[PDB]
Amino acid sequence: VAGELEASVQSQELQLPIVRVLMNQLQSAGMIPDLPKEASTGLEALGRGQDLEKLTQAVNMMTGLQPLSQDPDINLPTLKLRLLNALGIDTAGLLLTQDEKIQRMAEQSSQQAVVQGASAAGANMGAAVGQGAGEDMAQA
Amino acid sequence: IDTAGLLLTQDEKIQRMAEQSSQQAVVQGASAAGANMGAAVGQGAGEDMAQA
Amino acid sequence: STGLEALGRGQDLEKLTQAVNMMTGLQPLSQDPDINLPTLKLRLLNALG
Amino acid sequence: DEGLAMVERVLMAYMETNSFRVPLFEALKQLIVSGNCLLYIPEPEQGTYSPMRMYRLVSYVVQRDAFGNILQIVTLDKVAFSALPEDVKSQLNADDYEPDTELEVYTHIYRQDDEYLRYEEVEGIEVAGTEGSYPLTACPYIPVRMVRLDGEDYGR
Amino acid sequence: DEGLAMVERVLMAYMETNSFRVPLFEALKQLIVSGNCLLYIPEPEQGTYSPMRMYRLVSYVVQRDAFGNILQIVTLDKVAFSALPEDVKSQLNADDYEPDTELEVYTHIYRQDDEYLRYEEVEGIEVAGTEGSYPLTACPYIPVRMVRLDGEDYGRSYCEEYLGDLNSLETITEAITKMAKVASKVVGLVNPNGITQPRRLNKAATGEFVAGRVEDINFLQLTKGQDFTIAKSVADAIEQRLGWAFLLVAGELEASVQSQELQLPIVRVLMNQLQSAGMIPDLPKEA
Amino acid sequence: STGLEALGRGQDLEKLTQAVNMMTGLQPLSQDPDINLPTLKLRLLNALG
Amino acid sequence: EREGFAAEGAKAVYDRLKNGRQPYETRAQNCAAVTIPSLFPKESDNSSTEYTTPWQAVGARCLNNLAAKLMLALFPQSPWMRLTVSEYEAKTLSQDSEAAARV
């Protein structure tokens, strides 16, 4: 951020010309993966900072809707969609759909069940073997 | 503010109950079944093993 | 050389610290039934480099 | 995006290893005083040191169009006989020259039919084995200007 | 609404990969000192570099009506014989010219029956294969004015309203400066009716006793009275009044005509051409 | 002598203290099922030397 | 058999080239007489030479301060090297997610 405080021509005469030469020579030597056929700054040093700011704002606003989870008169999934659209940020993989939730339910159920079974099995085995050993040793 | 999708109608409040009931009735059943099966197998295994 | 020698091992430390701080702030959202958490984590990691 | 980021990381690491940061600081100081400089990027290899080079205003010549295109570039170097590569040294007679004597080497790049051409000339002849060509947008010679006026070679 | 925001992201990305931000800064600085500039937006292509260009006032001509309509535009370019496309070179014999001789080309755009027409001309002959047509609302040539009057072509500037103040400030500052190089010259003054001799004061050493008196030596100086404070204060007041007119997240915190003469015309040429190129989906009819 | 002698043990002590401080802050993330803790600890230790 | 650059011996090359250092030594002797006169002695000095104190003591502070700061910046206690290996070459050769860390 301190490196992004500007109290334009040299981004077309020193920066873009140096990147267009090294993407040709390094590929012909086998040091870079082969790029697909046909597919600097000002908005590059902030290229990732803009994404960070948008994601942070989205998380901050999603945190504040937790008290309203027990209100029986609010359509939460559409409110979240409108809140996301009011920012302009993409909504590719930030919300779940009608499908791909029963799978989550099944995974949770299985994960609980396996551990619940194993614990009881171990405890009962230990109790039985301890009782047997004690009843065999109680005449010494 | 537009009030299109921010309030729930008198209808469409039944599916919510249906979904929550389904979730509870699945999770409780799975959790109850797993522990009972584990205890049942462990008891028999211990009873058979501890004889020697 | 020396332009990035003390910071050559320090850039990694700063990025890892920031990743940890941002990852520790998603715990209240653990019970939300409408959010795809792993994809959100992947995008947050991609946004740093 | 994962692969798109990996490529940038590799590009940064390569430029860090072969030191590019010393010529750039020197170049940025000549722009404020004179306003001109040149840069050359040698061909990459696998396990050798290939640093960048810089030329001052007293060692190259440029001719430009009135629109702002580049048509011709020539550079000059001074090397000693014993520091020349053996391949180049194999087209001269060693008897005439003693160690520490100096020669002048010229390089010429010009434009012909939507591409660039290149050759190298020493003494009065052309050294065999230096011919080549470049695409119209990947020429590794980059003349730099600071303030650009209209219809004028070099900047202020 | 979700589908309508993707199309706005595709448009801004196309203006960062094709460098649109360097010409705009140069254009915004010519508008304050002269008041005019021209902009050209070349036709988009899938996988090439097509930057945006800009023309100064000394390279184009326009004619407007009294209502404020545009009727004619003509431009001028100067290129060498080797930078020309080979198709244009095919129509000229190479023997006459040399690889370093400049040709002159012209472009003409005129209005005929609710549309626009164009062609190109070199050496008095029209180049085949350059004709075309444009709609009445998507002309890719955009003349820009800063201050608009009634019934005139071109426009006026903003610095034009404050010329007398700058002239007065320069006039006062020149004299203030030049009265300081005169007050740094040394000239001694000895009295011709006394007893001390300038020859003894010059051949002495670093510490010595020599014969003379101190009433016969004095130095010339510039005795100007209250003629320095007055000029200094008036100049300071002029500078202070000039500072208030040039302003010597926070976007809306800092801060009208340039949204009808620059911003909206660019957005209406990009959506006309990107649809035909095949980069954005076909929008519905009116909607 | 004194090249790294007076701080000969202090250099080790500072590194160990920083390592302990960094490993202390990873306790809240011990119930997250989408994170590989063993490799994260290794990458955090290799960034200090 | 000592063909080039070495056809005349070691004490012969040393004597021809000894006249190229002349301006630099004179200029350094001029420099080192207002800061520390004993920093760059001549080649004809012995036990009896006396070094005199300059009239001002501003050069010594500056020279010592700069010499200290330059070495503090250039040579720290922590290592000033990296010994890195190229990326994408671990990727094309590795078969597990714990190879780069081990390297």
# chains A, B, ... in the order shown; residues from 1 in each chain; ligands from 1
call {"tool": "closest_atom_pairs", "arguments": {"of": "chain C", "to": "chain G", "cutoff": "10 Å", "atoms": "only C-alpha atoms", "output": "tab-separated table"}}
result
residue	atom	partner	partner_atom	distance
C:1	CA	G:81	CA	7.1
C:2	CA	G:80	CA	6.8
C:4	CA	G:80	CA	9.0
C:5	CA	G:80	CA	5.3
C:6	CA	G:80	CA	6.5
C:7	CA	G:80	CA	9.7
C:8	CA	G:82	CA	7.4
C:9	CA	G:82	CA	8.2
call {"tool": "write_last_selection", "arguments": {"atoms": "C-alpha atoms", "output": "CSV table (one decimal), in the first residue's frame"}}
result
chain,number,residue,atom,x,y,z
C,1,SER,CA,22.5,-11.1,-5.1
C,2,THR,CA,21.3,-8.8,-2.3
C,4,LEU,CA,16.1,-9.8,-2.4
C,5,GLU,CA,18.3,-11.7,0.1
C,6,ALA,CA,17.1,-10.8,3.5
C,7,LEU,CA,13.6,-10.6,2.1
C,8,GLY,CA,14.2,-13.7,-0.1
C,9,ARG,CA,13.3,-15.8,3.0
call {"tool": "interface_residues", "arguments": {"of": "chain D", "to": "chain A", "cutoff": "12 Å", "atoms": "only C-alpha atoms", "output": "PyMOL selection string"}}
result
chain D and resi 1+3-15+20+24+27-28+31+36-47+52+134-148
call {"tool": "residues_around", "arguments": {"residues": "segment 270-278 of chain E", "least_positions_apart": "5", "cutoff": "8 Å", "atoms": "only C-alpha atoms", "output": "list in words"}}
result
residues 11, 43, 44, 45, 46 and 138 of chain E
call {"tool": "residues_around", "arguments": {"residues": "residue 27 of chain G", "least_positions_apart": "6", "cutoff": "12 Å", "atoms": "only C-alpha atoms", "output": "PyMOL selection string"}}
result
chain G and resi 21+33+40
call {"tool": "residues_around", "arguments": {"residues": "residue 36 of chain B", "least_positions_apart": "4", "cutoff": "12 Å", "atoms": "only C-alpha atoms", "output": "list in words"}}
result
residues 113, 114, 115, 116, 117, 118, 119, 120, 121 and 124 of chain A; 29, 30, 31, 32, 40, 41, 42 and 43 of chain B
call {"tool": "atom_distance", "arguments": {"atom1": "atom CA of residue 178 of chain E", "atom2": "atom CA of residue 221 of chain E"}}
result
15.3 Å
call {"tool": "interface_residues", "arguments": {"of": "chain G", "to": "chain D", "cutoff": "12 Å", "atoms": "only C-alpha atoms", "output": "JSON, numbers by chain"}}
result
{"G": [3, 4, 5, 6, 7, 81, 82, 83, 84, 85, 86, 87, 88, 89, 91]}
call {"tool": "atom_distance", "arguments": {"atom1": "atom CA of residue 32 of chain C", "atom2": "atom CA of residue 63 of chain A"}}
result
9.9 Å
call {"tool": "residues_around", "arguments": {"residues": "residue 22 of chain C", "least_positions_apart": "2", "cutoff": "12 Å", "atoms": "only C-alpha atoms", "output": "ChimeraX atom specification"}}
result
/A:52,55-56,59-60 /C:15-20,24-27,40-41,44-45,47-48 /F:29
call {"tool": "closest_atom_pairs", "arguments": {"of": "chain E", "to": "chain A", "cutoff": "12 Å", "atoms": "only C-alpha atoms", "output": "tab-separated table"}}
result
residue	atom	partner	partner_atom	distance
E:1	CA	A:85	CA	7.5
E:2	CA	A:85	CA	6.3
E:3	CA	A:85	CA	9.9
E:4	CA	A:88	CA	10.0
E:5	CA	A:88	CA	6.6
E:6	CA	A:90	CA	8.1
E:7	CA	A:88	CA	11.2
E:8	CA	A:88	CA	9.3
E:9	CA	A:88	CA	8.8
E:12	CA	A:43	CA	10.8
E:13	CA	A:43	CA	9.9
E:15	CA	A:43	CA	10.9
E:16	CA	A:43	CA	7.7
E:17	CA	A:40	CA	8.7
E:18	CA	A:12	CA	10.9
E:19	CA	A:12	CA	8.3
E:20	CA	A:42	CA	11.0
E:21	CA	A:8	CA	8.1
E:22	CA	A:8	CA	6.1
E:23	CA	A:9	CA	9.3
E:24	CA	A:8	CA	10.3
E:25	CA	A:8	CA	8.1
E:26	CA	A:9	CA	9.5
E:45	CA	A:38	CA	11.1
E:46	CA	A:38	CA	7.9
E:47	CA	A:38	CA	5.6
E:48	CA	A:38	CA	8.7
E:49	CA	A:38	CA	11.7
E:51	CA	A:12	CA	10.8
call {"tool": "select_by_dssp", "arguments": {"residues": "chain B", "states": "helix (DSSP H, G or I)", "output": "PyMOL selection string"}}
result
chain B and resi 14-49
call {"tool": "interface_residues", "arguments": {"of": "chain A", "to": "chain B", "cutoff": "10 Å", "atoms": "only C-alpha atoms", "output": "VMD selection string"}}
result
chain A and resid 72 to 79 82 102 105 to 106 108 to 133 136
call {"tool": "interface_residues", "arguments": {"of": "chain A", "to": "chain C", "cutoff": "7 Å", "atoms": "only C-alpha atoms", "output": "PDB file with C-alpha atoms, in the first residue's frame"}}
result
ATOM      1  CA  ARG A  48      -4.751  -8.911  -6.855  1.00  0.00           C
ATOM      2  CA  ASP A  51      -9.758  -9.063  -5.522  1.00  0.00           C
ATOM      3  CA  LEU A  52      -8.551  -9.115  -1.915  1.00  0.00           C
ATOM      4  CA  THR A  63     -20.536 -12.355   8.986  1.00  0.00           C
ATOM      5  CA  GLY A  93     -18.580 -20.836  -6.739  1.00  0.00           C
ATOM      6  CA  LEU A  94     -19.619 -18.839  -3.679  1.00  0.00           C
ATOM      7  CA  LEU A  95     -23.175 -20.186  -3.266  1.00  0.00           C
ATOM      8  CA  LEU A  96     -24.609 -23.697  -3.293  1.00  0.00           C
TER       9      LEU A  96
END
call {"tool": "residues_around", "arguments": {"residues": "segment 108-118 of chain D", "least_positions_apart": "2", "cutoff": "8 Å", "atoms": "only C-alpha atoms", "output": "ChimeraX atom specification"}}
result
/D:71-75,106,120,130-136,139 /E:82
call {"tool": "atom_distance", "arguments": {"atom1": "atom CA of residue 55 of chain G", "atom2": "atom CA of residue 30 of chain G"}}
result
15.7 Å
call {"tool": "select_by_dssp", "arguments": {"residues": "chain D", "states": "strand (DSSP E)", "output": "MDAnalysis selection string"}}
result
chainID D and resid 36:40 53:55 60:64 70:80 102:111 116:122 125:126 132:134 144:145
call {"tool": "write_last_selection", "arguments": {"atoms": "N, CA and C atoms", "output": "compact mmCIF listing (two decimals), in the first residue's frame"}}
result
# COMPACT_ATOMS: atom_id res chain seq x y z
N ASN D 36 18.21 9.19 -23.14
CA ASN D 36 18.29 8.09 -24.08
C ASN D 36 19.11 6.95 -23.49
N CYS D 37 18.79 5.73 -23.91
CA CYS D 37 19.57 4.54 -23.57
C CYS D 37 19.10 3.39 -24.46
N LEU D 38 19.83 2.28 -24.40
CA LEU D 38 19.52 1.08 -25.17
C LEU D 38 19.65 -0.14 -24.27
N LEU D 39 18.94 -1.21 -24.61
CA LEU D 39 18.97 -2.44 -23.83
C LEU D 39 19.04 -3.65 -24.76
N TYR D 40 19.78 -4.67 -24.34
CA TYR D 40 19.96 -5.89 -25.11
C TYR D 40 19.74 -7.10 -24.21
N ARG D 53 22.68 -6.10 -20.89
CA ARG D 53 23.68 -5.11 -21.24
C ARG D 53 23.02 -3.77 -21.52
N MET D 54 23.80 -2.70 -21.38
CA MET D 54 23.33 -1.33 -21.59
C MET D 54 24.34 -0.55 -22.41
N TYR D 55 23.84 0.30 -23.31
CA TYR D 55 24.67 1.17 -24.13
C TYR D 55 24.31 2.63 -23.87
N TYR D 60 25.51 4.16 -30.39
CA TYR D 60 24.52 3.57 -31.28
C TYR D 60 23.85 4.67 -32.10
N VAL D 61 23.15 4.24 -33.15
CA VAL D 61 22.53 5.13 -34.14
C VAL D 61 21.15 4.60 -34.50
N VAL D 62 20.16 5.49 -34.55
CA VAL D 62 18.77 5.13 -34.86
C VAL D 62 18.24 6.05 -35.95
N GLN D 63 17.43 5.50 -36.85
CA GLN D 63 16.68 6.28 -37.82
C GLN D 63 15.20 5.93 -37.72
N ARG D 64 14.36 6.95 -37.57
CA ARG D 64 12.93 6.77 -37.38
C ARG D 64 12.14 7.49 -38.47
N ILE D 70 10.51 2.36 -36.45
CA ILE D 70 11.95 2.12 -36.37
C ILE D 70 12.38 1.37 -37.61
N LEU D 71 13.41 1.88 -38.29
CA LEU D 71 13.87 1.33 -39.56
C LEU D 71 15.29 0.78 -39.52
N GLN D 72 16.16 1.29 -38.66
CA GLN D 72 17.57 0.92 -38.71
C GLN D 72 18.22 1.12 -37.35
N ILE D 73 19.13 0.21 -36.98
CA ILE D 73 19.92 0.31 -35.76
C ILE D 73 21.31 -0.25 -36.04
N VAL D 74 22.35 0.46 -35.58
CA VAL D 74 23.74 0.02 -35.70
C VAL D 74 24.46 0.29 -34.38
N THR D 75 25.30 -0.65 -33.96
CA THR D 75 26.06 -0.53 -32.71
C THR D 75 27.53 -0.81 -32.97
N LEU D 76 28.38 -0.37 -32.03
CA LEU D 76 29.83 -0.47 -32.16
C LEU D 76 30.44 -0.98 -30.85
N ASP D 77 31.40 -1.90 -30.97
CA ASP D 77 32.10 -2.47 -29.83
C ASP D 77 33.60 -2.53 -30.11
N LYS D 78 34.39 -2.58 -29.04
CA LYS D 78 35.84 -2.68 -29.13
C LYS D 78 36.32 -3.83 -28.25
N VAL D 79 36.89 -4.86 -28.87
CA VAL D 79 37.37 -6.03 -28.15
C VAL D 79 38.82 -6.29 -28.55
N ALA D 80 39.49 -7.11 -27.75
CA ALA D 80 40.88 -7.49 -27.98
C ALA D 80 40.95 -8.83 -28.70
N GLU D 102 43.38 -4.27 -30.69
CA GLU D 102 41.94 -4.05 -30.62
C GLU D 102 41.31 -4.07 -32.00
N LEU D 103 40.10 -4.63 -32.08
CA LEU D 103 39.31 -4.67 -33.30
C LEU D 103 37.96 -4.01 -33.05
N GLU D 104 37.30 -3.63 -34.13
CA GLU D 104 35.98 -3.01 -34.07
C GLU D 104 34.96 -3.91 -34.74
N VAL D 105 33.83 -4.12 -34.07
CA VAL D 105 32.79 -5.05 -34.51
C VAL D 105 31.49 -4.28 -34.68
N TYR D 106 30.81 -4.50 -35.81
CA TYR D 106 29.59 -3.79 -36.15
C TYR D 106 28.43 -4.77 -36.29
N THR D 107 27.24 -4.34 -35.88
CA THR D 107 26.01 -5.12 -36.00
C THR D 107 24.95 -4.25 -36.65
N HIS D 108 24.22 -4.83 -37.61
CA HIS D 108 23.26 -4.08 -38.42
C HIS D 108 21.92 -4.80 -38.41
N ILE D 109 20.86 -4.08 -38.01
CA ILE D 109 19.50 -4.60 -38.01
C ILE D 109 18.63 -3.66 -38.83
N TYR D 110 17.92 -4.20 -39.81
CA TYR D 110 17.07 -3.40 -40.68
C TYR D 110 15.78 -4.16 -40.97
N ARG D 111 14.86 -3.48 -41.66
CA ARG D 111 13.52 -4.00 -41.91
C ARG D 111 13.34 -4.32 -43.39
N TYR D 116 12.51 -8.53 -39.59
CA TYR D 116 13.81 -7.93 -39.35
C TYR D 116 14.92 -8.89 -39.78
N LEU D 117 16.06 -8.33 -40.18
CA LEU D 117 17.21 -9.11 -40.59
C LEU D 117 18.44 -8.65 -39.82
N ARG D 118 19.42 -9.54 -39.70
CA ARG D 118 20.56 -9.31 -38.83
C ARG D 118 21.83 -9.92 -39.41
N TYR D 119 22.95 -9.21 -39.29
CA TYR D 119 24.26 -9.76 -39.63
C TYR D 119 25.33 -8.96 -38.91
N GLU D 120 26.55 -9.52 -38.91
CA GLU D 120 27.68 -8.96 -38.17
C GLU D 120 28.88 -8.79 -39.09
N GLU D 121 29.52 -7.63 -39.02
CA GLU D 121 30.61 -7.28 -39.91
C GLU D 121 31.83 -6.86 -39.11
N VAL D 122 32.99 -7.43 -39.44
CA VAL D 122 34.26 -7.08 -38.81
C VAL D 122 35.26 -6.74 -39.90
N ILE D 125 34.74 -7.45 -43.87
CA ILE D 125 33.99 -8.61 -44.33
C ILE D 125 32.90 -8.94 -43.32
N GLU D 126 32.06 -9.90 -43.68
CA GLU D 126 30.95 -10.34 -42.85
C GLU D 126 31.27 -11.72 -42.27
N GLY D 132 20.43 -14.20 -39.11
CA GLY D 132 19.22 -14.51 -38.38
C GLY D 132 18.11 -13.55 -38.74
N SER D 133 16.99 -13.69 -38.03
CA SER D 133 15.83 -12.83 -38.24
C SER D 133 14.99 -12.83 -36.97
N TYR D 134 14.14 -11.82 -36.85
CA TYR D 134 13.27 -11.65 -35.69
C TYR D 134 11.85 -11.33 -36.13
N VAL D 144 14.90 3.56 -25.77
CA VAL D 144 14.04 4.15 -24.76
C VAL D 144 14.13 5.67 -24.85
N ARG D 145 12.98 6.33 -24.75
CA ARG D 145 12.87 7.78 -24.74
C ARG D 145 12.12 8.22 -23.49
call {"tool": "decode", "arguments": {"residues": "chain B", "atoms": "C-alpha atoms", "output": "PDB file, in the first residue's frame"}}
result
ATOM      1  CA  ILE B   1     -36.362  -0.525  -1.066  1.00  0.00           C
ATOM      2  CA  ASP B   2     -37.904  -3.080  -3.409  1.00  0.00           C
ATOM      3  CA  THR B   3     -39.646  -5.902  -1.533  1.00  0.00           C
ATOM      4  CA  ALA B   4     -39.635  -8.591  -4.222  1.00  0.00           C
ATOM      5  CA  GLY B   5     -37.495 -11.289  -2.624  1.00  0.00           C
ATOM      6  CA  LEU B   6     -37.037 -10.129   0.969  1.00  0.00           C
ATOM      7  CA  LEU B   7     -40.247 -11.374   2.637  1.00  0.00           C
ATOM      8  CA  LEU B   8     -41.838 -14.816   2.764  1.00  0.00           C
ATOM      9  CA  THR B   9     -45.392 -15.333   1.539  1.00  0.00           C
ATOM     10  CA  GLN B  10     -48.103 -17.181   3.454  1.00  0.00           C
ATOM     11  CA  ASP B  11     -47.501 -20.154   1.195  1.00  0.00           C
ATOM     12  CA  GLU B  12     -43.978 -21.397   0.406  1.00  0.00           C
ATOM     13  CA  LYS B  13     -43.458 -21.702   4.179  1.00  0.00           C
ATOM     14  CA  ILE B  14     -44.205 -25.445   4.103  1.00  0.00           C
ATOM     15  CA  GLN B  15     -41.157 -26.521   2.098  1.00  0.00           C
ATOM     16  CA  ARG B  16     -38.914 -25.041   4.800  1.00  0.00           C
ATOM     17  CA  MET B  17     -40.464 -27.305   7.435  1.00  0.00           C
ATOM     18  CA  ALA B  18     -40.279 -30.275   5.063  1.00  0.00           C
ATOM     19  CA  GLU B  19     -36.555 -29.746   4.465  1.00  0.00           C
ATOM     20  CA  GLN B  20     -35.630 -29.225   8.117  1.00  0.00           C
ATOM     21  CA  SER B  21     -37.670 -32.265   9.177  1.00  0.00           C
ATOM     22  CA  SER B  22     -35.946 -34.412   6.554  1.00  0.00           C
ATOM     23  CA  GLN B  23     -32.512 -33.281   7.736  1.00  0.00           C
ATOM     24  CA  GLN B  24     -33.271 -34.067  11.378  1.00  0.00           C
ATOM     25  CA  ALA B  25     -34.872 -37.436  10.607  1.00  0.00           C
ATOM     26  CA  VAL B  26     -31.858 -38.539   8.557  1.00  0.00           C
ATOM     27  CA  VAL B  27     -29.083 -37.357  10.875  1.00  0.00           C
ATOM     28  CA  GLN B  28     -30.636 -38.705  14.077  1.00  0.00           C
ATOM     29  CA  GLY B  29     -31.297 -42.112  12.539  1.00  0.00           C
ATOM     30  CA  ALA B  30     -27.783 -42.528  11.169  1.00  0.00           C
ATOM     31  CA  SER B  31     -26.168 -41.455  14.441  1.00  0.00           C
ATOM     32  CA  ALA B  32     -28.366 -43.808  16.467  1.00  0.00           C
ATOM     33  CA  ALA B  33     -27.739 -46.790  14.176  1.00  0.00           C
ATOM     34  CA  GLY B  34     -23.948 -46.560  14.065  1.00  0.00           C
ATOM     35  CA  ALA B  35     -23.286 -46.713  17.807  1.00  0.00           C
ATOM     36  CA  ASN B  36     -25.747 -49.555  18.393  1.00  0.00           C
ATOM     37  CA  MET B  37     -24.156 -51.661  15.654  1.00  0.00           C
ATOM     38  CA  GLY B  38     -20.669 -50.993  17.015  1.00  0.00           C
ATOM     39  CA  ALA B  39     -21.605 -51.907  20.578  1.00  0.00           C
ATOM     40  CA  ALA B  40     -23.389 -55.061  19.418  1.00  0.00           C
ATOM     41  CA  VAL B  41     -20.366 -56.322  17.487  1.00  0.00           C
ATOM     42  CA  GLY B  42     -17.912 -55.378  20.240  1.00  0.00           C
ATOM     43  CA  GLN B  43     -19.839 -57.210  22.955  1.00  0.00           C
ATOM     44  CA  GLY B  44     -19.870 -60.478  21.020  1.00  0.00           C
ATOM     45  CA  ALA B  45     -16.227 -60.183  19.984  1.00  0.00           C
ATOM     46  CA  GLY B  46     -15.154 -59.629  23.584  1.00  0.00           C
ATOM     47  CA  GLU B  47     -17.339 -62.456  24.886  1.00  0.00           C
ATOM     48  CA  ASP B  48     -15.845 -64.895  22.386  1.00  0.00           C
ATOM     49  CA  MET B  49     -12.246 -63.726  22.872  1.00  0.00           C
ATOM     50  CA  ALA B  50     -12.064 -63.440  26.675  1.00  0.00           C
ATOM     51  CA  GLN B  51     -12.717 -67.146  27.354  1.00  0.00           C
ATOM     52  CA  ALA B  52      -9.096 -68.268  26.962  1.00  0.00           C
TER      53      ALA B  52
END
